[PDB]
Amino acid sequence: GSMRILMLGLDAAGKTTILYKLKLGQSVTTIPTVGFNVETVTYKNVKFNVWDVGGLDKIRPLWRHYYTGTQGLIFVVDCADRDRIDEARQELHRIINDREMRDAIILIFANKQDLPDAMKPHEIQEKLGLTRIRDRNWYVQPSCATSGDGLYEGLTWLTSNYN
């Protein structure tokens, strides 16, 4: 099996940490991504070609560049960052409403669940305005990228739902 994945989200959400936890089986100390990282990960008979694009302000107008061919979107959110959750919501909907992204299944990593008072999956579902969207295939997976909690579960969802 094969799946092209685009992984997006605000800067500091946990995207690169997730990528290399999956690719290298270990939590690494990251630095902000100036462009992108790309890795192919084999998981339970599916090869995921994962494009992790930098989430800094200045880079976001370039996100659209990476849409073509995307079969699954992974959108990573920092669940402890209530100051920027509405910003994350705005970005997510811009992505999924794009003509090139209409067919993509949507995995949300509700990341940093280890942190005190971090938003739970049900809160993330509300705050990202996913409840309205009833014509798309989406799922909110709680995760802690640094321990690995929830990551395999997310990849399992992608395989189960990709048609």
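The numbering used is simple: start at 1 and walk along the sequence shown.
Between 115-123 and 41-49, the higher mean Cα B-factor belongs to 115-123. Relative to one another, 153-161 and 3-11 have unequal mean CA B-factors, and 153-161 is the one with the higher figure.
When the Cα B-factors of 36, 67, 138, 109 are read from the PDB record, 138 comes out highest.
When the modelled residues of the chain are ordered by their C-alpha B factor, residue 60 lands in the lowest third. Placement of the Cα temperature factor of residue 54 within the chain: lowest third of the modelled residues, per the deposited record. Per-chain ranking of the deposited C-alpha B factor places residue 74 in the lowest third.
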